[PDB]
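# build me a model from this:
(chains A, B and C, ligands or ions: 6)
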Amino acid sequence: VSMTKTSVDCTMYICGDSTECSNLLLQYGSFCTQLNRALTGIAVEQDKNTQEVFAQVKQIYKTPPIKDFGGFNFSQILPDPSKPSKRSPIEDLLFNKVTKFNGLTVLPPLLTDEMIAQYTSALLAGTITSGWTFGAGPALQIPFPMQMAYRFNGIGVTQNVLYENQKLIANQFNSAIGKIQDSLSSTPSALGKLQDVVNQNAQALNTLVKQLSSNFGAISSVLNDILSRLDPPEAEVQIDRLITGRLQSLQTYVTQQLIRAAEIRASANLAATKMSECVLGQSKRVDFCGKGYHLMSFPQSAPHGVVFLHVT
Amino acid sequence: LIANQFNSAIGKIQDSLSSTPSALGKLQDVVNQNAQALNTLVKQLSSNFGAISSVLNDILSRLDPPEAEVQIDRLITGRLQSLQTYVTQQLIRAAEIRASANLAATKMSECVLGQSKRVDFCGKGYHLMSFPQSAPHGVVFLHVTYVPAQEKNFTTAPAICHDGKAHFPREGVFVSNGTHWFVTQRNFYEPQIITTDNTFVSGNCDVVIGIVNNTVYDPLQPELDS
Amino acid sequence: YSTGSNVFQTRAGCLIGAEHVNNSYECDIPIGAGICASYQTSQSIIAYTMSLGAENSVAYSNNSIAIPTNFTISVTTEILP
Ligand SMILES: *[C@@H]1O[C@H](CO)[C@@H](O)[C@H](O)[C@H]1NC(C)=O
Ligand SMILES: *[C@@H]1O[C@H](CO)[C@@H](O)[C@H](O)[C@H]1NC(C)=O
Ligand SMILES: *[C@@H]1O[C@H](CO)[C@@H](O)[C@H](O)[C@H]1NC(C)=O
Ligand SMILES: *[C@@H]1O[C@H](CO)[C@@H](O)[C@H](O)[C@H]1NC(C)=O
Ligand SMILES: *[C@@H]1O[C@H](CO)[C@@H](O)[C@H](O)[C@H]1NC(C)=O
Ligand SMILES: *[C@@H]1O[C@H](CO)[C@@H](O)[C@H](O)[C@H]1NC(C)=O
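Numbers count the residues shown, from 1 in each chain, chains lettered A, B, ... in the order given. Ligands and ions are numbered 1, 2, ... in the order given. Okay, here it is:
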């Protein structure tokens, strides 16, 4: 849904504290402002991006104190008050599974992880107690067996199936939730997409930092070493070569980051619409909310992403 | 009532668009971003890029061709870098606009060319219609949506035990105001007496949990009696 | 900064010139880490934790259905480049 809101500081990166380097960089007029504006735009759209995915709901709903949903067990998916941070056990599994400054800086996300968990809990409690009504308008209470009868009637199976196999279906749903928890706990590459996003961003930052050590054809890769031991008339050309190299590197970093931000924006627009058509309501869109005839969905926050439990 | 509500909603849309200055945020932002890109591209000429001056005529005069070549080459490298940056940012933004306008085209197709059951796609709420309205470098949709308003909460039961056989609603749910049980459609309170027409029998009393006892009126019974 | 009388500290950074408020309202000017600054009433800039919305507890029950009685045909503007 998002990635780290890095904001590389243009002048502090391309040049050190040296004033000569900044004076030379001033000749390259607005490359530097373009790069800074592009990175701030990326960060702003990541904030808007998480807000669009998760803030699908207006009221923060809370589940009733007593969990009597006709046999359906949501304990593995609703927040656990015992834990300090109000996260579901599956959310805890996801957060555990998913795992200095040269001018760089990472801006904190606008919505903290606790607030995102509060949004997901609101969506989940609204789903459990109301259905699609809480997204189609005001929230309307409905017993959960009645809501599943609604969903079965949605997939073309008459209600008598649910009201006559309620115990069996409740046990199957509970066992399926448990198996999801176990598979997430066991398989280490389950969180592949989020882990890959984080790793790609970290690799991009590390390559950007490593680019400082490159000589780029100059005598040395240290501005102080260039200023000392060399007088200004060719110190200018050495610094200019180094500036060209470092600015090319920063342009490459921001262009790759713009590509990846567009990719994440597409993925998170898909996440937002998947939220809207799967958890905010039942989807007849084939093979969109999980393989099979779709019944429900449950958002679960994950670090820089979202995880859905497509009950099919 | 619905005609008056629709007319009032249209009027309120006109008033909100007229009053709020940042309503057209997306289109205004696209235009501003393009204008800023062009202005930065133009300003890039004034940059020396490490050369003696930012004017080709000033470089050509006052300097003989031997080092005029290298000065012009430095200026060319700078300006070509600026132009590549502009066109790459424009390719990014054009891909973003292409995605937005593919979304606009499909929103047209599923919202105004037909009604969409795709939740929260054509406006928040149950969707009814949509109306395209052209805007400078964009499109504006007026998603006419249906939103329930006045809740009344009743006591519900999954089924009904008429003669030992469960009765389930064909369309809608079972509700009761406290004494009498009614079947009603889900999105509107239209209570109406339980009858074999709107309830299909399926199964037995004991299997269902939450089934409540009641009678289900038989429309053919008075016809037989008469 | 000159206005050193109130110097609030948050995860985003050192916020100078705005006083912290226990109460939580909607976000006006986002700061970061769940804190949004705003201008409210004797006027000053206030920094506070965001309020995600009016916490509404749906009166869920075993046999309680809520069915609407009328509607509101509401048209909403969607703008796309
Ligand atoms: C409707 O809900 C309220 C609480 O929100 C409750 O007090 C009331 O009894 C409910 N209506 C009926 C008919 O039970
Ligand atoms: C319930 O509605 C029926 C028909 O509308 C009416 O005869 C009855 O008196 C009502 N009872 C209550 C308690 O509202
Ligand atoms: C709901 O719970 C009450 C007691 O809390 C119980 O009497 C009732 O039977 C339950 N509902 C159903 C449908 O069993
Ligand atoms: C419905 O009537 C039957 C008739 O014997 C009775 O056994 C059953 O307990 C009744 N159900 C309820 C919920 O009162
Ligand atoms: C907010 O709460 C704190 C307690 O942590 C207390 O000082 C006061 O009520 C509020 N703080 C300020 C600065 O008003
Ligand atoms: C629904 O709203 C309309 C207009 O506001 C009005 O008829 C009344 O308030 C409601 N209709 C009912 C209760 O039948």
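# I figured residue A:88 hits residue A:82, correct?
No: in this structure residue A:88 lies outside contact range of residue A:82 using Cβ atoms under 8 Å: 11.8 Å. The way it works is simple: take the backbone N, C-alpha and C, and place the C-beta from them, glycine included.
# can you map out the strands along chain C?
Using DSSP state E, the strands found in chain C span residues C:7-9, C:14-16, C:19-20, C:29-32, C:35-40, C:44-49, C:64-68, C:71-80.
# for residue B:195, find the nearest of the ones you listed.
In terms of Cβ to Cβ, the element of the strands of chain C nearest to residue B:195 is strand C:64-68, at 18.8 Å.
# now do the same contact list for whatever residue of chain C ends up closest to ligand 3.
Closest residue of chain C to ligand 3, Cβ to the nearest ligand atom: residue C:62 (2.9 Å). Residues in contact with residue C:62 (Cβ atoms under 8 Å, 6 or more residues apart in numbering or on different chains) are A:68, A:70, A:143, B:210.
# quick check: the gap between residue B:105 and residue A:273.
15 Å (Cβ to Cβ, to the nearest Å).
# out of those two, which sits in the more crowded spot?
For residue B:105 versus residue A:273, the count of surrounding residues by other Cβ atoms under 10 Å in any protein chain shown is larger for residue A:273: 20 against 12.
# that older thread, which among the contacts of residue C:62 count as buried?
By neighbour count, with 16 or more other Cβ atoms under 10 Å in any protein chain shown, the contacts of residue C:62 hold A:70, A:143, B:210 as buried.
# closest one to ligand 3 out of those residues, please.
Distance to ligand 3 across the buried ones among the contacts of residue C:62 (Cβ to the nearest ligand atom) is lowest for residue B:210, with 3.1 Å.
# show me what residue of chain C gets nearest to ligand 6.
For chain C, Cβ to the nearest ligand atom, closest residue to ligand 6: residue C:70, 2.9 Å.
# re earlier: compare residue A:88 and residue A:82 (neighbour count), which wins?
Counted by other Cβ under 10 Å, residue A:88 and residue A:82 do not tie: residue A:88 has more neighbours, with 24 against 6.
# the more buried one: what's it in contact with?
So residue A:88 contacts A:76-80, A:117, A:121, A:300 (Cβ under 8 Å, 6+ apart).
# so residue A:90: helix, strand or coil?
Three-state call for residue A:90 (DSSP: H, G, I helix; E, B strand; the rest coil): helix.
# now it: how far from residue A:278?
17 Å.
# looking at those two, which one has more neighbours?
Taking other Cβ under 10 Å, residue A:90 and residue A:278 do not tie; residue A:278 has more neighbours (26 against 22).
# so that one makes contact with residue A:298?
No: checked against Cβ under 8 Å, the pair residue A:278 and residue A:298 is beyond contact range at 9.0 Å.
# what is in contact with the two at once?
Joint contacts of residue A:278 and residue A:298 (Cβ under 8 Å, 6+ apart) are residue A:308.
# list the contacts for the residue nearest to residue A:220 when sequence neighbours are not counted?
Of all residues beyond its chain neighbours, the one nearest residue A:220 is residue A:226 (5.9 Å), with distances taken as Cβ to Cβ, 6 or more residues apart in numbering or on different chains. With contact set as Cβ under 8 Å, 6+ apart, residue A:226 has these partners: A:218-220, A:235, A:238-239, A:242.
# how many neighbouring residues does residue A:135 have?
24.
# who in chain C is up against ligand 6?
C:69-70 (Cβ under 6 Å from any ligand atom).
# distance from the centroid: which residue in chain C tops it?
No residue in chain C sits farther from the centre than residue C:63, which is 34.7 Å out by Cα atoms, centre = their mean.
# mind checking how far that one is from residue B:175?
10 Å.
# let me know the secondary structure of residue 128.
Just going to use chain A. Once three-state DSSP is applied, residue A:128 turns out helix.
# wait, I meant chain B there
Residue B:128 ends up strand, using three-state DSSP.
# mind listing what the residue nearest the centre of chain C touches?
In chain C, the residue lying closest to the centroid (Cα atoms, centre = their mean) is residue C:26, at 1.5 Å. Going by Cβ under 8 Å, 6+ apart, residue C:26 touches C:36, C:50-51, C:53.
# hmm, 6 Å instead?
Counting by Cβ atoms under 6 Å, 6 or more residues apart in numbering or on different chains, residue C:26 touches residue C:51.
# can you show me the helices along chain A?
Per DSSP state H, chain A carries helices over the ranges A:10-14, A:19-25, A:31-54, A:89-97, A:113-130, A:133-136, A:144-154, A:159-164, A:166-186, A:192-210, A:223-227, A:232-274.
# quick check, the last one touching chain C?
It refers to helix A:232-274. No: counting by Cβ under 6 Å from any Cβ of the partner chain, chain C has no neighbours in helix A:232-274; the shortest distance is 12.5 Å.
# helices and strands around that helix, which ones?
helix A:19-25, helix A:31-54, helix A:223-227 (3 or more Cβ pairs under 6 Å, 6 or more residues apart in numbering or on different chains; DSSP states H and E).
# now do the same contact list for residue C:17.
Contacts of residue C:17 (Cβ under 6 Å, 6+ apart): residue C:3.
# on that earlier part again, for chain B, see how far away the residue nearest to residue A:220 is.
As for residue A:226, its distance to chain B is 16 Å (criterion: Cβ to the nearest Cβ, to the nearest Å).
# same deal with residue A:207?
19 Å.
# swap in residue A:5?
Relative to chain B, and taking Cβ to the nearest Cβ, residue A:5 is found at 18 Å.
# scan chain B for its longest strand.
From DSSP E, the single longest strand across chain B is strand B:138-148.
# who's in contact with whichever residue of chain C sits closest to chain B?
Closest residue of chain C to chain B, Cβ to the nearest Cβ: residue C:68 (3.4 Å). Listed by Cβ under 6 Å, 6+ apart, the contact set of residue C:68 reads B:148, B:150-151.
# the residue of the stretch 151-300 of chain A found nearest ligand 2: neighbour count?
Residue nearest to ligand 2 within the stretch 151-300 of chain A: residue A:159 (24.4 Å; Cβ to the nearest ligand atom). Residue A:159 has 24 neighbours, counted by other Cβ under 10 Å.
# and the stretch 101-250 of chain A, which residues reach chain C?
So far as Cβ under 6 Å from any Cβ goes, the stretch 101-250 of chain A lies against chain C at A:108, A:110, A:112, A:115, A:118, A:129-130, A:139-143.
# rerun at 7 Å
Proximity of the stretch 101-250 of chain A to chain C, by Cβ under 7 Å from any Cβ of the partner chain, involves residues A:107-108, A:110-112, A:115, A:118-119, A:126, A:129-130, A:139-143, A:146.
# of those, which fall within the contact range of chain B?
A:140-141, A:143, A:146.
# report all helices and strands that the lengthiest helix in chain B contacts.
Longest helix in chain B by number of residues (criterion: DSSP H): helix B:65-107. In terms of contacts (3 or more Cβ pairs under 7 Å, 6 or more residues apart in numbering or on different chains; DSSP states H and E), helix B:65-107 is packed against helix A:232-274, helix B:25-43, helix B:56-60, strand C:71-80.
# from the middle of its chain, how far away would that helix be?
32 Å (Cα atoms, centre = their mean, to the nearest Å).
# also stretch B:217-226?
The answer for stretch B:217-226 is 50 Å, by Cα atoms, centre = their mean.
# do stretch A:88-101 as well
12 Å.
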